[PDB]
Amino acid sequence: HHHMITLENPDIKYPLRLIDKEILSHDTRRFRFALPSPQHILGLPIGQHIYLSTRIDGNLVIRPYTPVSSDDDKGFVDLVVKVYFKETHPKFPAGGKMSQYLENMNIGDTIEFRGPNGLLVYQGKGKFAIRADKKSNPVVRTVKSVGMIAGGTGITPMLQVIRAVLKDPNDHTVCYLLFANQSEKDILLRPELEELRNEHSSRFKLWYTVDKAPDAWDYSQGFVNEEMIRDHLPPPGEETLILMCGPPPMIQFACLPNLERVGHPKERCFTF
C-alpha cells in the first residue's frame, strides 16, 4: 500500500462513525462517515465496491454499496442511498433491511465497512483489468468506448467510473449511459449526471427510460430493449465494453437477451 488508506485488509471489518446526513428527497439520503483520521482516504480502486454489515432482527445482514466520494477525499466517505420504507409497497410490507437500518441510525452511531471487492478494476486511459473469478489473475484490455446500463441504485458503480474518466483531461475514453427506472421520481442523482453532461459532452452521452412516463417527457418509455441498445450504446467491437448494474430480473430478462441480439458478445459484457 502506497497511501494511508482505510481498507488495509479485505478480511477485516472497520466500524466507521456516522457524522453527517442529508435529506435529498422523501426516500433518498446521503450518509457521511468519518475515516480513522482526518488525513486518511478510503482506498477503493475504481470499479470496486465496499460492503456494510450489521445485525438486524437477530440476523447478520450484508449489502454492497459504491460511494459517491473518491480517493481524492480526505477524512470521510459519502454514500447515497434509497430507503425502502415498510408498509409502503403492497408487495413488500416489510421494506428493506439495510436501507431502513441506516435511516434509523443516530449521528455518532457506527457501522461495519469492508473492502475493496469486485472482479473489475479501471486502470485509467481505457485500460480494464478483469478477473474471470476470484481465483484468477486479471487480464488487461484497452477499449475506446464504454457502454453502461444502470437500473435504480445501480447508477453508483457507473457514476464512479464516469467521474474517474472525466477527471483525467488526457483520458480519451467515451462513456455512454442508458439509465432505467420505474418513474421520473426514482431517477437517482439526476442533477449530478446532468452537470457532467453539460461540462463534458464529448466524452459522456446520457439517455433515460422509465416504465411510467410523465406527460412531458423527452426520453424513452419501457424496459430496456433492442432499439434503445442500438440507439444509445456504442456498437459491438473489440474496442467496446458494456457494463451493467441493476435488479437481477432486469439484467437477466431485459439486458442480456437484447445485447445478444444486437451483437455484443458475453466476453465483452460485465455485471457488477
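From 1 onward, residues are counted along the sequence shown.
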Exercise. Of 204 to 212 and 61 to 69, which one has the bigger average CA B-factor?
Worked result: 204 to 212
For this session: Identify the stretch, either 87 to 95 or 102 to 110, whose C-alpha atoms have the larger mean B-factor according to the entry.
Result: 87 to 95
Problem set entry | Maximum C-alpha temperature factor, selected from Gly47, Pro38, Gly246, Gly237 | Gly237
For this session: Going by the recorded CA B-factors, say which third of the chain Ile56 sits in, lowest, middle or highest.
Result: highest
Exercise. C-alpha B factor of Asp78, ranked within the chain: lowest, middle or highest third?
Worked result: lowest
Exercise. Can you tell me which third, lowest, middle or highest, the CA B-factor of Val140 falls into for its chain?
Worked result: highest
Seminar exercise, completed: Among the modelled residues of its chain, the C-alpha B-factor of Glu195 falls in the third labelled middle
For this session: Compare the C-alpha B factor of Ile23 with those of the other modelled residues in its chain, then answer lowest, middle or highest third.
Result: middle
